[PDB]
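Following: one structure in structure tokens, then a few remarks.
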2 protein chains.
Amino acid sequence: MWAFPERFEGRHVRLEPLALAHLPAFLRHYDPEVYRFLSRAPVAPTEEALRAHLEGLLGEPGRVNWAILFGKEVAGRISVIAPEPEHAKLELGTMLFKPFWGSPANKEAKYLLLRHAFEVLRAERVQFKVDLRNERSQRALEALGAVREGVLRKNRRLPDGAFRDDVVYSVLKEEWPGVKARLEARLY
Amino acid sequence: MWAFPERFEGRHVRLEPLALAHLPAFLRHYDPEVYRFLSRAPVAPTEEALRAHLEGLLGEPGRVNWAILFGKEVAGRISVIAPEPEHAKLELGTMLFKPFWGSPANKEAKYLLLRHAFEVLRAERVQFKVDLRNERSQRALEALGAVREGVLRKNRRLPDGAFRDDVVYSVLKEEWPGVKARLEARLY
């Protein structure tokens, strides 16, 4: 199994293990648009629904999550999803609260995880999955230099029964230096 | 959870639960080319390696496997991989022994599973993953009418440490009638 650090310290953000103690931040910044392109989106603007969403993140097998601290606030979270040491690959996903969109929080959170994945664990592949209707995230991954591999059609079903398409992106280890350079240019 | 039939009866083949009792067929028809584009390929032309490969198929969580009987011989196997009732999707994969390549065994095995997946379980999506170097299987999926969604680069690592790319194909439920028609034209 791969071991990850509990905490990361960046120039703009710091990361620490995501926990139930972070629930208050999710309750202080609830906005439907933030969860609309995520599976298991809070089913209602209530503490019970947001608690269920947070517990789902913390309970997915193999998933490792960090709260992203920006200044003195929790800006959102970043997740290592389905890490597979045997194939030297993993998936990464983030979610930021609306007020922090546009801040450097998301890029540095990714920068920090990607560096550990590629340089320390030496993963060969990191992938990202974005809802095809989520154009903001698609532009951000294209800006990061991630390669668009294609669209998994009807790859997830919503609770009302409708289906969503997942756009799959990846960064391979040989591509990390170039991606890393673009992230540093924008963060430092 | 979805329930599948233990047996299927086609015009050219019949399917029954894959089991250790089928090991003899794997030992009677060993050819490296048959396993070269599969993960966990038998590590040696020996009963011990083929037994490990068969037990790996039978032990993968959620995987359901059938021996394909062609005439009085086992022609290979077909597998439902990672079925996910919640998202109405699954992956399907087959492996046929060399002597049966070109027979109707593979198409009817797929025909039988696809019909149950789409018409009875009402899955919305069935996907297939093929090694990018496996051109025979890519041509067969294109002949079946499956949609090539893209290439998951370095999606699996071999035991020697080399990486393989996976080409991802799918058939959606709305496309099944057309695919079904092409399969019936060639089988009946």
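Letters A, B, ... mark the chains of the structure tokens in the order given; residue numbers begin at 1 per chain; ligand numbers begin at 1, in order shown.
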
Chain B contacts to chain A at 7 Å (only C-alpha atoms) as a compact mmCIF listing (two decimals) with N, CA and C atoms, in the first residue's frame:
# COMPACT_ATOMS: atom_id res chain seq x y z
N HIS B 87 -25.05 2.32 -11.04
CA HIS B 87 -24.86 3.16 -12.22
C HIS B 87 -25.35 2.44 -13.48
N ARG B 125 -25.11 0.96 -19.83
CA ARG B 125 -23.78 0.90 -20.45
C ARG B 125 -22.99 -0.38 -20.19
N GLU B 149 -14.20 4.90 -27.25
CA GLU B 149 -14.26 6.16 -26.55
C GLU B 149 -12.92 6.86 -26.37
N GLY B 150 -11.83 6.10 -26.42
CA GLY B 150 -10.53 6.71 -26.25
C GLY B 150 -9.56 5.71 -25.66
N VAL B 151 -8.34 6.17 -25.38
CA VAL B 151 -7.28 5.31 -24.85
C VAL B 151 -6.77 5.73 -23.45
N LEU B 152 -6.94 4.83 -22.49
CA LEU B 152 -6.46 5.09 -21.14
C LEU B 152 -4.96 4.77 -21.22
N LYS B 154 -1.17 3.96 -20.33
CA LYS B 154 -0.44 3.34 -19.20
C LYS B 154 -1.44 2.94 -18.12
N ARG B 156 -2.41 -0.11 -17.18
CA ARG B 156 -2.09 -1.31 -16.39
C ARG B 156 -0.60 -1.64 -16.51
N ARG B 157 -0.03 -2.16 -15.44
CA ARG B 157 1.40 -2.50 -15.44
C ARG B 157 1.57 -4.02 -15.49

Please run DSSP on the backbone and report, as a short mmCIF file (atom, residue, chain, number, x, y, z; two decimals) with N, CA and C atoms, in the first residue's frame, all residues within region 56-188 of chain B that come out as strand (DSSP E).
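Heads up, here's the output in states27.cif:
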data_model
loop_
_atom_site.label_atom_id
_atom_site.label_comp_id
_atom_site.auth_asym_id
_atom_site.auth_seq_id
_atom_site.Cartn_x
_atom_site.Cartn_y
_atom_site.Cartn_z
N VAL B 64 -18.16 -12.11 -12.45
CA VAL B 64 -18.92 -13.34 -12.67
C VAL B 64 -18.43 -13.95 -13.97
N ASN B 65 -18.07 -15.24 -13.93
CA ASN B 65 -17.47 -15.89 -15.10
C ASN B 65 -18.22 -17.13 -15.57
N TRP B 66 -18.21 -17.34 -16.89
CA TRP B 66 -18.82 -18.52 -17.48
C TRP B 66 -17.84 -19.22 -18.41
N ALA B 67 -17.89 -20.55 -18.40
CA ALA B 67 -17.10 -21.33 -19.36
C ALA B 67 -18.03 -21.31 -20.59
N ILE B 68 -17.42 -21.19 -21.77
CA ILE B 68 -18.13 -21.20 -23.04
C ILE B 68 -17.92 -22.64 -23.60
N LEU B 69 -19.01 -23.36 -23.79
CA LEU B 69 -18.95 -24.72 -24.29
C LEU B 69 -19.32 -24.70 -25.77
N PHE B 70 -18.40 -25.18 -26.60
CA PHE B 70 -18.61 -25.19 -28.04
C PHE B 70 -18.53 -26.65 -28.41
N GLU B 73 -16.44 -29.27 -26.17
CA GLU B 73 -15.25 -28.70 -25.58
C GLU B 73 -15.49 -27.34 -24.95
N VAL B 74 -14.61 -26.98 -24.03
CA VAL B 74 -14.66 -25.66 -23.42
C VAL B 74 -13.86 -24.78 -24.40
N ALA B 75 -14.48 -23.73 -24.95
CA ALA B 75 -13.79 -22.87 -25.93
C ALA B 75 -13.07 -21.69 -25.32
N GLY B 76 -13.42 -21.37 -24.08
CA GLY B 76 -12.81 -20.25 -23.38
C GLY B 76 -13.82 -19.80 -22.34
N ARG B 77 -13.80 -18.51 -22.01
CA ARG B 77 -14.68 -17.97 -21.01
C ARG B 77 -15.08 -16.54 -21.34
N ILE B 78 -16.16 -16.11 -20.71
CA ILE B 78 -16.68 -14.77 -20.82
C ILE B 78 -16.89 -14.31 -19.38
N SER B 79 -16.68 -13.02 -19.14
CA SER B 79 -16.77 -12.43 -17.80
C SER B 79 -17.53 -11.13 -17.69
N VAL B 80 -18.31 -11.01 -16.62
CA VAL B 80 -18.97 -9.78 -16.32
C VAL B 80 -18.00 -9.23 -15.30
N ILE B 81 -17.46 -8.05 -15.57
CA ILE B 81 -16.48 -7.44 -14.67
C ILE B 81 -17.00 -6.15 -14.01
N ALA B 82 -16.74 -6.04 -12.70
CA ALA B 82 -17.14 -4.86 -11.96
C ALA B 82 -18.58 -4.38 -12.23
N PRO B 83 -19.57 -5.26 -12.09
CA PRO B 83 -20.94 -4.79 -12.35
C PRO B 83 -21.31 -3.75 -11.30
N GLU B 84 -21.97 -2.67 -11.71
CA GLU B 84 -22.34 -1.63 -10.78
C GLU B 84 -23.80 -1.27 -10.99
N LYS B 89 -24.31 -0.10 -15.11
CA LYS B 89 -23.24 -0.38 -16.06
C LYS B 89 -22.39 -1.60 -15.62
N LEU B 90 -21.60 -2.11 -16.56
CA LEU B 90 -20.72 -3.23 -16.29
C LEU B 90 -19.70 -3.28 -17.38
N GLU B 91 -18.70 -4.11 -17.17
CA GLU B 91 -17.69 -4.31 -18.19
C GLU B 91 -17.80 -5.78 -18.57
N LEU B 92 -17.51 -6.10 -19.83
CA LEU B 92 -17.57 -7.49 -20.28
C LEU B 92 -16.22 -7.83 -20.93
N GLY B 93 -15.77 -9.07 -20.73
CA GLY B 93 -14.49 -9.47 -21.32
C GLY B 93 -14.54 -10.96 -21.63
N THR B 94 -13.89 -11.37 -22.70
CA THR B 94 -13.88 -12.79 -23.05
C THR B 94 -12.45 -13.21 -23.37
N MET B 95 -12.22 -14.52 -23.36
CA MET B 95 -10.94 -15.09 -23.77
C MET B 95 -11.28 -16.45 -24.37
N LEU B 96 -10.80 -16.64 -25.59
CA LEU B 96 -11.05 -17.88 -26.30
C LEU B 96 -9.72 -18.57 -26.61
N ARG B 125 -25.11 0.96 -19.83
CA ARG B 125 -23.78 0.90 -20.45
C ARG B 125 -22.99 -0.38 -20.19
N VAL B 126 -22.43 -0.93 -21.28
CA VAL B 126 -21.56 -2.08 -21.17
C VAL B 126 -20.26 -1.64 -21.80
N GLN B 127 -19.15 -1.77 -21.07
CA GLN B 127 -17.91 -1.33 -21.71
C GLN B 127 -16.97 -2.52 -21.90
N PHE B 128 -15.95 -2.33 -22.74
CA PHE B 128 -14.94 -3.35 -23.00
C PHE B 128 -13.62 -2.61 -22.96
N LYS B 129 -12.57 -3.29 -22.49
CA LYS B 129 -11.23 -2.71 -22.46
C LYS B 129 -10.30 -3.66 -23.19
N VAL B 130 -9.61 -3.14 -24.19
CA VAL B 130 -8.71 -3.92 -25.02
C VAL B 130 -7.30 -3.29 -25.06
N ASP B 131 -6.27 -4.14 -24.98
CA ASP B 131 -4.90 -3.65 -25.04
C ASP B 131 -4.78 -2.96 -26.40
N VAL B 147 -18.59 1.51 -29.60
CA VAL B 147 -18.01 2.85 -29.82
C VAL B 147 -16.67 2.99 -29.10
N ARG B 148 -15.65 3.41 -29.85
CA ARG B 148 -14.30 3.58 -29.30
C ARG B 148 -14.31 4.91 -28.57
N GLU B 149 -14.20 4.90 -27.25
CA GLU B 149 -14.26 6.16 -26.55
C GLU B 149 -12.92 6.86 -26.37
N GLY B 150 -11.83 6.10 -26.42
CA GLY B 150 -10.53 6.71 -26.25
C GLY B 150 -9.56 5.71 -25.66
N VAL B 151 -8.34 6.17 -25.38
CA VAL B 151 -7.28 5.31 -24.85
C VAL B 151 -6.77 5.73 -23.45
N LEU B 152 -6.94 4.83 -22.49
CA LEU B 152 -6.46 5.09 -21.14
C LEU B 152 -4.96 4.77 -21.22
N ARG B 153 -4.12 5.79 -21.31
CA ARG B 153 -2.68 5.54 -21.44
C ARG B 153 -1.98 5.00 -20.16
N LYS B 154 -1.17 3.96 -20.33
CA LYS B 154 -0.44 3.34 -19.20
C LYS B 154 -1.44 2.94 -18.12
N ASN B 155 -2.54 2.34 -18.54
CA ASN B 155 -3.61 1.98 -17.61
C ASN B 155 -3.40 0.70 -16.80
N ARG B 156 -2.41 -0.11 -17.18
CA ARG B 156 -2.09 -1.31 -16.39
C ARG B 156 -0.60 -1.64 -16.51
N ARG B 157 -0.03 -2.16 -15.44
CA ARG B 157 1.40 -2.50 -15.44
C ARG B 157 1.57 -4.02 -15.49
N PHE B 163 4.34 -1.00 -19.05
CA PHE B 163 2.95 -0.50 -19.01
C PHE B 163 2.18 -0.73 -20.33
N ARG B 164 0.87 -0.94 -20.23
CA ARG B 164 0.03 -1.14 -21.41
C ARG B 164 -1.06 -0.06 -21.43
N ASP B 165 -1.52 0.27 -22.63
CA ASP B 165 -2.58 1.23 -22.83
C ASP B 165 -3.84 0.45 -23.10
N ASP B 166 -4.95 0.90 -22.52
CA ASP B 166 -6.26 0.29 -22.70
C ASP B 166 -7.16 1.13 -23.61
N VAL B 167 -7.66 0.49 -24.65
CA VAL B 167 -8.61 1.18 -25.51
C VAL B 167 -9.98 0.86 -24.88
N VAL B 168 -10.78 1.89 -24.64
CA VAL B 168 -12.09 1.69 -24.04
C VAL B 168 -13.21 1.82 -25.05
N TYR B 169 -14.06 0.79 -25.12
CA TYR B 169 -15.24 0.76 -26.01
C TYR B 169 -16.48 0.58 -25.15
N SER B 170 -17.62 1.00 -25.69
CA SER B 170 -18.87 0.80 -25.01
C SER B 170 -20.01 0.70 -26.02
N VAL B 171 -21.09 0.10 -25.54
CA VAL B 171 -22.37 -0.03 -26.22
C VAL B 171 -23.34 0.47 -25.14
N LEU B 172 -24.16 1.46 -25.50
CA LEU B 172 -25.19 2.02 -24.61
C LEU B 172 -26.49 1.27 -24.90
#

Go through chain B and collect every residue that DSSP, computed from the backbone, puts in alpha helix (DSSP H); the answer should be as a PyMOL selection string.
chain B and resi 23-28+32-35+47-59+105-115+135-144+176-187

note - CA of residue 115 (chain A) and CA of residue 103 (chain A) are separated by 19.9 Å

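Considering the residues B:58, B:34, B:19, B:112 and counting only C-alpha atoms, residue 184 (chain B) has its shortest atom-to-atom contact with B:112.
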
List the neighbours of region 24-29 of chain A out to 9 Å using only C-alpha atoms; skip same-chain residues closer than 2 positions along the sequence, and give me the result as number ranges by chain.
A: 20-22, 31, 45-47, 50-51, 54, 73-76, 97-99

Take the residues from that selection and put them in a file with N, CA, C and O atoms, as an mmCIF file, in the first residue's frame.
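Writing the result to selection-v5.cif gives the following:
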data_model
loop_
_atom_site.group_PDB
_atom_site.id
_atom_site.type_symbol
_atom_site.label_atom_id
_atom_site.label_comp_id
_atom_site.auth_asym_id
_atom_site.auth_seq_id
_atom_site.Cartn_x
_atom_site.Cartn_y
_atom_site.Cartn_z
ATOM 1 N N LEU A 20 -14.544 14.628 10.285
ATOM 2 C CA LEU A 20 -15.868 15.130 10.580
ATOM 3 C C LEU A 20 -15.761 16.503 11.196
ATOM 4 O O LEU A 20 -16.693 17.292 11.069
ATOM 5 N N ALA A 21 -14.642 16.820 11.840
ATOM 6 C CA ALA A 21 -14.504 18.147 12.436
ATOM 7 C C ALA A 21 -14.526 19.265 11.379
ATOM 8 O O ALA A 21 -14.604 20.459 11.715
ATOM 9 N N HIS A 22 -14.422 18.897 10.101
ATOM 10 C CA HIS A 22 -14.459 19.895 9.044
ATOM 11 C C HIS A 22 -15.891 20.163 8.576
ATOM 12 O O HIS A 22 -16.112 21.074 7.765
ATOM 13 N N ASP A 31 -23.522 25.742 -1.531
ATOM 14 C CA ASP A 31 -23.986 26.311 -2.793
ATOM 15 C C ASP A 31 -24.142 25.121 -3.739
ATOM 16 O O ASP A 31 -23.189 24.380 -3.984
ATOM 17 N N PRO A 45 -30.001 21.288 1.247
ATOM 18 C CA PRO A 45 -29.194 22.323 1.921
ATOM 19 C C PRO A 45 -29.311 22.217 3.452
ATOM 20 O O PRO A 45 -29.572 23.211 4.164
ATOM 21 N N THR A 46 -29.063 21.023 3.962
ATOM 22 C CA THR A 46 -29.226 20.763 5.374
ATOM 23 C C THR A 46 -27.984 20.122 5.990
ATOM 24 O O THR A 46 -27.169 19.545 5.283
ATOM 25 N N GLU A 47 -27.835 20.230 7.300
ATOM 26 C CA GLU A 47 -26.685 19.609 7.931
ATOM 27 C C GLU A 47 -26.714 18.079 7.736
ATOM 28 O O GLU A 47 -25.638 17.466 7.589
ATOM 29 N N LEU A 50 -25.420 17.288 4.107
ATOM 30 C CA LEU A 50 -24.004 17.597 4.003
ATOM 31 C C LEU A 50 -23.208 16.589 4.871
ATOM 32 O O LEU A 50 -22.146 16.119 4.462
ATOM 33 N N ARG A 51 -23.727 16.229 6.052
ATOM 34 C CA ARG A 51 -23.042 15.218 6.862
ATOM 35 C C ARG A 51 -22.966 13.873 6.075
ATOM 36 O O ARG A 51 -21.929 13.188 6.086
ATOM 37 N N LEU A 54 -20.245 14.264 3.464
ATOM 38 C CA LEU A 54 -18.903 14.184 4.043
ATOM 39 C C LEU A 54 -18.530 12.742 4.470
ATOM 40 O O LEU A 54 -17.426 12.254 4.134
ATOM 41 N N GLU A 73 -9.360 29.483 6.908
ATOM 42 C CA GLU A 73 -10.575 28.789 6.544
ATOM 43 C C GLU A 73 -10.317 27.506 5.773
ATOM 44 O O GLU A 73 -9.264 27.333 5.136
ATOM 45 N N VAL A 74 -11.301 26.623 5.809
ATOM 46 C CA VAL A 74 -11.237 25.396 5.034
ATOM 47 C C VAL A 74 -11.783 25.814 3.655
ATOM 48 O O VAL A 74 -12.924 26.296 3.573
ATOM 49 N N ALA A 75 -10.991 25.653 2.589
ATOM 50 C CA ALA A 75 -11.428 26.068 1.241
ATOM 51 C C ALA A 75 -12.134 24.990 0.456
ATOM 52 O O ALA A 75 -12.860 25.290 -0.512
ATOM 53 N N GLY A 76 -11.963 23.745 0.897
ATOM 54 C CA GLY A 76 -12.572 22.614 0.223
ATOM 55 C C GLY A 76 -11.711 21.403 0.549
ATOM 56 O O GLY A 76 -11.046 21.381 1.587
ATOM 57 N N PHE A 97 -15.072 25.346 -2.239
ATOM 58 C CA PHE A 97 -16.264 26.140 -1.970
ATOM 59 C C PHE A 97 -16.207 27.391 -2.859
ATOM 60 O O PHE A 97 -15.123 27.920 -3.157
ATOM 61 N N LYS A 98 -17.382 27.834 -3.280
ATOM 62 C CA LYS A 98 -17.505 28.959 -4.185
ATOM 63 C C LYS A 98 -16.618 30.163 -3.886
ATOM 64 O O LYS A 98 -15.893 30.621 -4.738
ATOM 65 N N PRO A 99 -16.636 30.665 -2.652
ATOM 66 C CA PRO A 99 -15.794 31.825 -2.364
ATOM 67 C C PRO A 99 -14.314 31.631 -2.689
ATOM 68 O O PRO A 99 -13.585 32.605 -2.876
#

Quote the spacing between CA of residue 37 (chain B) and CA of residue 134 (chain B) in Å to one decimal place.
6.5 Å

When you draw a straight line from CA of residue 23 (chain A) to CA of residue 100 (chain A), how long is it in Å?
16.8 Å

Surrounding residues of residue 11 (chain B) excluding itself and chain neighbours under 4 positions, 10 Å, only C-alpha atoms, as a PyMOL selection string:
chain B and resi 70+104-105+108+187-188
